[PDB]
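I have placed the structure first, in the form of structure tokens, so that the comments after it can refer back to it.
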Amino acid sequence: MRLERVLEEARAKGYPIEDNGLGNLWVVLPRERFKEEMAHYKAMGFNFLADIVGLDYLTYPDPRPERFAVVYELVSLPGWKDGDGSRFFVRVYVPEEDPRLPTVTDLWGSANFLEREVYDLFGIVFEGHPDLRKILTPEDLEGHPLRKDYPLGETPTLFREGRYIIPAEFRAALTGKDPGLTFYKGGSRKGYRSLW
Amino acid sequence: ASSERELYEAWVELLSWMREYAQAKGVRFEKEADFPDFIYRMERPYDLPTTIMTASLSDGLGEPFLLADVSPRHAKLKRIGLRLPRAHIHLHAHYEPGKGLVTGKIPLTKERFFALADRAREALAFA
Amino acid sequence: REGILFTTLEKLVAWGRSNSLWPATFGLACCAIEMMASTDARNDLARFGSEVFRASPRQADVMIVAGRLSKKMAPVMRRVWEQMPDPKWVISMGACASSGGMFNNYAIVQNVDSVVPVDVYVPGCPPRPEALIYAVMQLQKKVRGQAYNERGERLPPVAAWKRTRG
Amino acid sequence: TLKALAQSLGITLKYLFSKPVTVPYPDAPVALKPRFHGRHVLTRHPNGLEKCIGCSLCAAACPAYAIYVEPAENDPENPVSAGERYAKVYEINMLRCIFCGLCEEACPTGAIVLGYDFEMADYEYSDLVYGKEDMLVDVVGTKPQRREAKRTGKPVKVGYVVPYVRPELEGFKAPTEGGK
Amino acid sequence: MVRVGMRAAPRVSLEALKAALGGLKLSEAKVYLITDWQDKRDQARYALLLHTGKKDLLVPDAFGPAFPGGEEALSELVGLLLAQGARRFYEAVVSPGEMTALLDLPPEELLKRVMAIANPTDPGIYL
Amino acid sequence: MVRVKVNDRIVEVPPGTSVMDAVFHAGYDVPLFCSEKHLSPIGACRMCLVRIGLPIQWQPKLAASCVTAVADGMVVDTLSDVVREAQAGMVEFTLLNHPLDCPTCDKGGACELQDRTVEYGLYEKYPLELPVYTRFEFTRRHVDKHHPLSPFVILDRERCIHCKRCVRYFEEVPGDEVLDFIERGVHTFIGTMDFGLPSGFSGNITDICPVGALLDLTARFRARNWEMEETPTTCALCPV
Amino acid sequence: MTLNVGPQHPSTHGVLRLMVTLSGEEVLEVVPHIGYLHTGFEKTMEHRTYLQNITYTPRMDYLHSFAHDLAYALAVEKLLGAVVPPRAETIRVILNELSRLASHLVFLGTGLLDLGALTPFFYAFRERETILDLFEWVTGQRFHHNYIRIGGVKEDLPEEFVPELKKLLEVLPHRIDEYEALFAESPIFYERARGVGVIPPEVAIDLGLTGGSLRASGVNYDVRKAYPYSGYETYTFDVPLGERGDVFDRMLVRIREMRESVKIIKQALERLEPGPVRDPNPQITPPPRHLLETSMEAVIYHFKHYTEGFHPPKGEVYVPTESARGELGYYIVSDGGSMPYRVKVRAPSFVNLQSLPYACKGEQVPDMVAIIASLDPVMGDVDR
Ligand SMILES: COc1oc([C@H]2C/C(=C/C(C)=C/c3ccc([N+](=O)[O-])cc3)CO2)c(C)c(=O)c1C
Ligand code: SF4
Ligand code: SF4
Ligand code: SF4
Ligand code: SF4
Ligand code: SF4
Ligand code: FES
């Protein structure tokens, strides 16, 4: 029941409401109103903070508002006190040269680890965090891996007598910016969706 | 019906004739193409006597003057076809039981094919 | 004294060390559960003498690199190897450890022969518990001096004996 | 709940008298399923011609990229493969290989198919690159197994048994459940 | 970032590196021995990238048993780096054709790539 | 400039523009076999067919966007079920007598027919119903195979889909007409009575042939198009 | 005593480093250090075709992996509109609940061994061994099985699979009842676990503890009930619950989970009628192996699908599922290309670990091991 009131609240304030025909909802809040709005969201009855997923759109084919984007997931468990089951996402873009974000650790302690990961994997420093310390990657690791300008850092495959492979030169699969092996890719290799 | 079997079997005989001409007149013969429904059978069974589907007689300069082809194992309107490149000449041969290999109703004897190949050699071959 | 310098005693002590191989588990990833399964009540490496399992490194000779060796764990495991008595052997278990495996990136050591001297390599994902029995038998006959490679050479009894530690 | 100690004791005793459950490899042949992921085998047609046409569809779909295929053109007099193309060099780095079945799944000629050997433990990285003539169906045993049988003079016995071998393994000779 | 030493001259590379090293303390530095072909060290050739954090140093492929005195020069080199207190050792595996162009890429790209691809190593494999 | 509209997008475009360039300029896509850059378009493959309205007055038949000029205020439809249906049908007609040589084909992954077939082929017919790929189950066309046209070029007349690119090139670009068809109907095939391929610019058709017909002998059977490591550079044999 | 309970030593299964800030035999607070298995799925998966990634998916949680396979599969099916045949769906729920039984067996065996007795590790493991055979029957692999596909499953079930499954399903209920008879009326475990492991549901909710450890504290929150995905809407189901969150209630609730999962295996087994095996859409499914020698479209689609892959439309998607450790999901960003733009995994064992300093605070020092075994981490899931 509360998701409908979330939509009525955000649409009334002019925040874009993103929706795919698959049943998952995105709500993009600006940087300023982010902290206070999501505090109100927790107050709205959102027990559970599932995910903090950081995104780097540097090499995305279509342009996007900002390079980095952090998405939180707010949920209210159905089997708890008064559970509607309302689950939704909050996306907040973070500039390329301004990797800031206030934490919701004070509201949910789950953002203790999760935000650290996004600070570990991406250059995004989370404001108000108790401890922003590298979680996963080695302590001496320099950089933030999951951003596209950061190498995957592969090693060749090895064979008998000088015969080797460089997989990035071996891949027949295409990314989004890869034009393809012919002059171009159109039709079903530019995106295909069956109509049930 | 079962005539199918002899067809492919008869096909091998045909190849022999073709091969013979190369050994006779000293002109290059080549196996052009094998049966795809024989290459791409992985575990599936294959009972046919041979896997070769297309062959040709090439001159010294490499251009063939006589082409022979057979219908694949699963294709409809099974036949054998013959062609002279550059000469707009095509033949549709079947096999009628007891009689032998017939171009329509006219039996296809080895002598007929041999004379045809020699006429092609004198006419179409460049070198 | 290295178990050498007597026609009888080197055979005897190689017999002893080879059959009484006491593994030192370093459970890392999904290879390591296939290492654990090699001890249950269907297919147990609890017969050749590996019944007991010295978790302390000061007491065990066989160290099995069992799983993907993430780089943040490379030095620790290194010292775990240096925290072993000198008559020690190391088997490299799996594809992630032997070579880089399928994870060909910044996070994985692409061959654990880098950090530790490997005795036996055992491919598989994970190598079947029975392949692990075959590798421990490979190492069994290797440390008796009963091992030859493809190139025609007999292999030394103990690898990690030929390295200038530092 | 003192009774639970006694109940635990009693059931452990009942299992004590229950002797059987275990299988003693290598003395007892390991029971494998017919679909098991083992050492790759290259299968051949009835004509004897090899099935591999050297098309590198196995190598591209490999998530580790462990498969190497140098091609070449068949010699009409003594051809190796069915088409105009064969595999001069076929290497698979078992230390890269993760045993998916993607090379089996993508092979259009049914040449590359996983076998059943797991007894491929060796000492050297450089030696664990299993080649073409190291995987043919004609071969019976793994690299260390064949080297041991040669430096030993004693024939090869594989330590596994399966109920039957698949039709995709036409030609794969192996011990089948005890039929022999 | 400086480039000292020269390809295929192990002894000159070693002496120039002796001089350019000086009394530089390597307590927090990183040594990347870049090569090709992980397994075969008997025929290995080696480059070195020394990442101090405050300035970086390059040595082209001049060490290893592949060159006369590259094995003894690499042993002396690792002994020299270890004397000065180095603890963090890495090895990078590149395709042979990379090794040449990797010394001509800008410092940020070359160094980022090397740090991403580095394997912790036991220096005993080079001593 | 001329105003054109493709399905939701409006583009300024100079007047002599072909409907195909305007469609791609707007961001949509449509197959292409017969026409090629720097080659005179002539409607042969009939793949570039679109729908055109020129006021809502749709043209009766699908316009060949390869040889059709553009006019101001024209609407172009490439996403209607009719267009995709017709395109799949023409793909079937093209694949009709093909030899099934993809796995051993030297063209490998960089083959235009493969990509346009998987792009536009097999329109979603209207279920979990089992589909059939091909209707043509008759005897296919067999002609001479792996025919060396010159010490660098090899010719497989079965893989030819009867476009005009090689003969059009030879007539237009070098001025050496040393390649053209022989017979007509479905029996048509490329041939020559000039065998050495005298033109010194003969190798470029090696790239143009959307199929594996004309291939490089000196690089025959080495690796597949993706397996090769592609490094773009500049040739320094001569000053161009 | 800031004691270094190091990675893998002493017997911290699932390599994990602990700085136990602790004076005496109590427990003040445990500071964890993870990442010692970081291998790079979220990054490597950005360079592998959707078809390939099914080889990367099971190996993250190597115990309950088909949940990973199913989550990835379902998310991509929704993203490109794939159709689940009924038989494929039934088989997928079979393999899901069976891998859940196997993961549960390993979890309780590890918990008992981690502090306490060694014997009951084997018996449960015995059954696990049998289960593996079932998998080896259909997939040819013990675990890490690459069987699932986007449309459905790779190929059909063998003739010999179902009777073996019936055998194991008939022997198991007595076995699970035996484990519960041994453990529930706990002799010493009663005085070991009923008190320990303070789990206030409020903070368990606040820290992101979904993995079956929360319903041991009395929260009825399961994705199979909250968000039916694979036909769980159509099952008669008992949903385990706990009175007060401790180690004892956790273990008992998971044992009842095993019995309910066996019941679901049987239930799905009965309703199984022959039919198709995967989504026949050629753009999404490679051609059948038999018409590779008849049709051109077959060869082109096989070549393309097995070199390039397929291109789903541009968009982001995410769908959750319930594994033996709770809510799991893949955030898939696709840019319309043959390789996914990004895959972010909600690792239940990753956040379920935030409750380590809390739960074992004031508990015993040894019980810091039993409370970790009871937390059920899979450091392939955490480190990732
Ligand atoms: C515990 O579970 C697990 O372990 C591991 C690692 C640690 C490990 C330890 C011991 C102590 C084995 C062992 C077991 C039995 C004996 N024995 O003598 O009987 C000896 C040794 C083996 O793999 C991993 C990675 C894991 O992710 C899970 C869930
Ligand atoms: S080789 Fe396979 S089973 Fe072993 S650690 Fe690697 S992914 Fe896991
Ligand atoms: S089984 Fe998988 S990892 Fe092994 S060679 Fe085949 S595709 Fe590659
Ligand atoms: S093994 Fe099969 S897939 Fe690989 S190159 Fe040979 S024919 Fe092609
Ligand atoms: S030209 Fe293209 S479609 Fe034809 S066989 Fe070659 S790869 Fe296949
Ligand atoms: S040979 Fe190639 S370029 Fe020439 S007409 Fe045929 S398909 Fe076109
Ligand atoms: S492109 Fe060939 S028809 Fe216009």
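Just remember, in the structure tokens the first chain shown is A, the second B, etc., residues are 1-based per chain, and ligands are 1-based in the order shown.
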
>> Taking only C-alpha atoms into account and nothing else, which residues of chain E lie no more than 6 Å away from chain C? Please answer as number ranges by chain.
In response: E: 116-117, 119, 121-122, 124, 127

Atoms to include: C-alpha atoms. Write the selected residues as a PDB file, in the first residue's frame.
ATOM      1  CA  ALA E 116      46.541  -4.717 -12.139  1.00  0.00           C
ATOM      2  CA  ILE E 117      48.161  -7.827 -13.726  1.00  0.00           C
ATOM      3  CA  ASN E 119      51.245 -11.886  -9.367  1.00  0.00           C
ATOM      4  CA  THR E 121      56.002 -14.052  -6.239  1.00  0.00           C
ATOM      5  CA  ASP E 122      58.477 -15.809  -4.007  1.00  0.00           C
ATOM      6  CA  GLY E 124      63.404 -17.764  -4.390  1.00  0.00           C
ATOM      7  CA  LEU E 127      67.593 -16.258  -6.600  1.00  0.00           C
TER       8      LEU E 127
END

> Mind listing as a PyMOL selection string which residues of chain G are within 6 Å of chain C, counting only C-alpha atoms?
Replying inline: chain G and resi 36-39+62+122

Filtering to N, CA, C and O atoms, could you give me those residues as a compact mmCIF listing (two decimals), in the first residue's frame?
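And here's result_21.txt as it stands now:
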# COMPACT_ATOMS: atom_id res chain seq x y z
N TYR G 36 39.78 -11.99 1.46
CA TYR G 36 40.87 -12.95 1.28
C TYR G 36 40.57 -13.97 0.20
O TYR G 36 41.42 -14.82 -0.09
N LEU G 37 39.37 -13.92 -0.39
CA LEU G 37 39.02 -14.74 -1.55
C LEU G 37 38.58 -13.90 -2.74
O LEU G 37 38.00 -14.46 -3.68
N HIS G 38 38.82 -12.59 -2.72
CA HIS G 38 38.29 -11.75 -3.79
C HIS G 38 38.87 -12.20 -5.13
O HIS G 38 40.08 -12.14 -5.35
N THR G 39 38.01 -12.71 -6.01
CA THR G 39 38.37 -13.23 -7.33
C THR G 39 37.85 -12.38 -8.49
O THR G 39 38.47 -12.38 -9.55
N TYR G 62 29.32 -21.91 -3.75
CA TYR G 62 29.58 -23.23 -4.31
C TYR G 62 28.76 -24.33 -3.65
O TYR G 62 28.84 -25.48 -4.10
N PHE G 122 29.65 -37.05 9.20
CA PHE G 122 29.71 -38.08 8.16
C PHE G 122 28.32 -38.47 7.68
O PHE G 122 28.07 -38.52 6.46

> Which polymer residues have any atom within 12 Å of an atom of residue A:121, counting only C-alpha atoms, with same-chain residues fewer than 6 positions away left out, as a ChimeraX atom specification?
Replying inline: /A:52-56,68,114-115,133-138,141-148,150 /G:38,40,42-43,344

Would you output that residue set with N, CA and C atoms, as a CSV table (one decimal), in the first residue's frame?
chain,number,residue,atom,x,y,z
A,52,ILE,N,23.2,-1.6,-2.1
A,52,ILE,CA,23.9,-0.3,-2.5
A,52,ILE,C,24.7,-0.8,-3.7
A,53,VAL,N,24.2,-0.5,-4.9
A,53,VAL,CA,24.9,-0.9,-6.2
A,53,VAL,C,25.4,0.4,-6.8
A,54,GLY,N,26.7,0.5,-7.0
A,54,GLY,CA,27.4,1.6,-7.6
A,54,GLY,C,27.6,1.2,-9.1
A,55,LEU,N,27.5,2.2,-10.0
A,55,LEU,CA,27.5,2.1,-11.4
A,55,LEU,C,28.4,3.1,-12.1
A,56,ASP,N,29.2,2.6,-13.1
A,56,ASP,CA,30.0,3.5,-13.9
A,56,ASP,C,29.6,3.4,-15.3
A,68,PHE,N,29.0,8.1,-12.4
A,68,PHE,CA,28.7,7.2,-11.3
A,68,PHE,C,27.2,7.4,-10.8
A,114,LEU,N,28.3,-2.1,2.9
A,114,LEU,CA,28.0,-2.0,1.5
A,114,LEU,C,28.6,-0.7,0.8
A,115,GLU,N,28.5,0.4,1.5
A,115,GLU,CA,29.0,1.7,1.0
A,115,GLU,C,30.6,1.5,0.9
A,133,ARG,N,36.8,2.1,5.1
A,133,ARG,CA,38.0,1.3,4.9
A,133,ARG,C,37.8,0.3,3.8
A,134,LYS,N,38.8,0.1,3.0
A,134,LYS,CA,38.8,-0.9,1.9
A,134,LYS,C,38.3,-2.2,2.5
A,135,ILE,N,37.3,-2.8,1.8
A,135,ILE,CA,36.8,-4.1,2.4
A,135,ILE,C,37.5,-5.3,1.7
A,136,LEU,N,37.3,-5.4,0.4
A,136,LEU,CA,37.5,-6.6,-0.4
A,136,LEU,C,38.9,-6.6,-1.0
A,137,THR,N,39.3,-5.5,-1.8
A,137,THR,CA,40.5,-5.5,-2.5
A,137,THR,C,41.7,-5.4,-1.6
A,138,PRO,N,42.9,-5.9,-2.0
A,138,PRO,CA,44.1,-5.8,-1.1
A,138,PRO,C,44.4,-4.4,-0.6
A,141,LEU,N,46.2,-2.3,-2.9
A,141,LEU,CA,45.7,-2.2,-4.2
A,141,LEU,C,45.4,-0.7,-4.5
A,142,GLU,N,45.9,-0.2,-5.7
A,142,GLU,CA,45.8,1.2,-6.0
A,142,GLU,C,44.7,1.4,-7.1
A,143,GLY,N,43.7,2.1,-6.8
A,143,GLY,CA,42.6,2.4,-7.7
A,143,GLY,C,41.3,1.7,-7.2
A,144,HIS,N,40.3,1.8,-8.1
A,144,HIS,CA,38.9,1.3,-7.8
A,144,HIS,C,38.5,0.4,-9.0
A,145,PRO,N,38.4,-0.8,-8.8
A,145,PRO,CA,38.4,-1.8,-10.0
A,145,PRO,C,37.2,-1.6,-10.9
A,146,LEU,N,36.0,-1.6,-10.4
A,146,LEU,CA,34.8,-1.7,-11.2
A,146,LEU,C,34.5,-0.5,-12.2
A,147,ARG,N,35.3,0.5,-12.1
A,147,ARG,CA,35.1,1.6,-13.1
A,147,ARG,C,35.8,1.2,-14.4
A,148,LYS,N,35.1,1.5,-15.5
A,148,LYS,CA,35.6,0.9,-16.8
A,148,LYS,C,36.9,1.3,-17.2
A,150,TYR,N,39.3,1.3,-15.5
A,150,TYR,CA,40.3,0.5,-14.7
A,150,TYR,C,40.4,-0.8,-15.4
G,38,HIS,N,38.8,-12.6,-2.7
G,38,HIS,CA,38.3,-11.8,-3.8
G,38,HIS,C,38.9,-12.2,-5.1
G,40,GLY,N,36.8,-11.6,-8.3
G,40,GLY,CA,36.4,-10.8,-9.4
G,40,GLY,C,35.3,-11.3,-10.3
G,42,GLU,N,32.1,-9.8,-10.4
G,42,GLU,CA,31.3,-8.7,-10.9
G,42,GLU,C,32.1,-8.0,-12.1
G,43,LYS,N,33.4,-8.2,-12.1
G,43,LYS,CA,34.2,-7.6,-13.2
G,43,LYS,C,34.4,-8.6,-14.3
G,344,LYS,N,25.9,-6.9,-10.6
G,344,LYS,CA,26.1,-6.7,-9.2
G,344,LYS,C,25.3,-7.7,-8.4

> Please, which residues have at least one atom within 12 Å of an atom of ligand 5, using only C-alpha atoms and all ligand atoms, listed as an NGL selection string?
Replying inline: (:A and (182)) or (:B and (36)) or (:D and (55)) or (:F and (91-92 or 94-118 or 155-161 or 208-215 or 224-225)) or (:G and (295-304))

>> Rounded to one decimal, what separation in Å do you get between atom CA of residue A:90 and atom CA of residue A:31?
In response: 11.4 Å

>> Which residues are close to stretch 121-133 of chain D, i.e. within 6 Å by only C-alpha atoms, leaving aside same-chain residues fewer than 6 positions away? Reply as a VMD selection string.
In response: (chain C and resid 120 to 122 135) or (chain D and resid 90 to 94)

Sort by chain and increasing residue number a table of all residues of chain G within 7 Å of ligand 1, each with its closest pair of atoms and their distance in Å to one decimal, counting only C-alpha atoms and all ligand atoms, and write it as JSON lines.
{"residue": "G:8", "atom": "CA", "partner": "ligand 1", "partner_atom_place_in_ligand_line": "7 (C)", "distance": 6.6}
{"residue": "G:11", "atom": "CA", "partner": "ligand 1", "partner_atom_place_in_ligand_line": "11 (C)", "distance": 5.4}
{"residue": "G:13", "atom": "CA", "partner": "ligand 1", "partner_atom_place_in_ligand_line": "7 (C)", "distance": 4.3}
{"residue": "G:14", "atom": "CA", "partner": "ligand 1", "partner_atom_place_in_ligand_line": "25 (C)", "distance": 4.1}
{"residue": "G:15", "atom": "CA", "partner": "ligand 1", "partner_atom_place_in_ligand_line": "25 (C)", "distance": 6.3}
{"residue": "G:106", "atom": "CA", "partner": "ligand 1", "partner_atom_place_in_ligand_line": "29 (C)", "distance": 6.9}
{"residue": "G:107", "atom": "CA", "partner": "ligand 1", "partner_atom_place_in_ligand_line": "29 (C)", "distance": 6.7}
{"residue": "G:110", "atom": "CA", "partner": "ligand 1", "partner_atom_place_in_ligand_line": "1 (C)", "distance": 4.7}
{"residue": "G:118", "atom": "CA", "partner": "ligand 1", "partner_atom_place_in_ligand_line": "19 (O)", "distance": 6.9}
{"residue": "G:378", "atom": "CA", "partner": "ligand 1", "partner_atom_place_in_ligand_line": "27 (O)", "distance": 5.1}
{"residue": "G:379", "atom": "CA", "partner": "ligand 1", "partner_atom_place_in_ligand_line": "27 (O)", "distance": 5.8}
{"residue": "G:380", "atom": "CA", "partner": "ligand 1", "partner_atom_place_in_ligand_line": "27 (O)", "distance": 6.8}
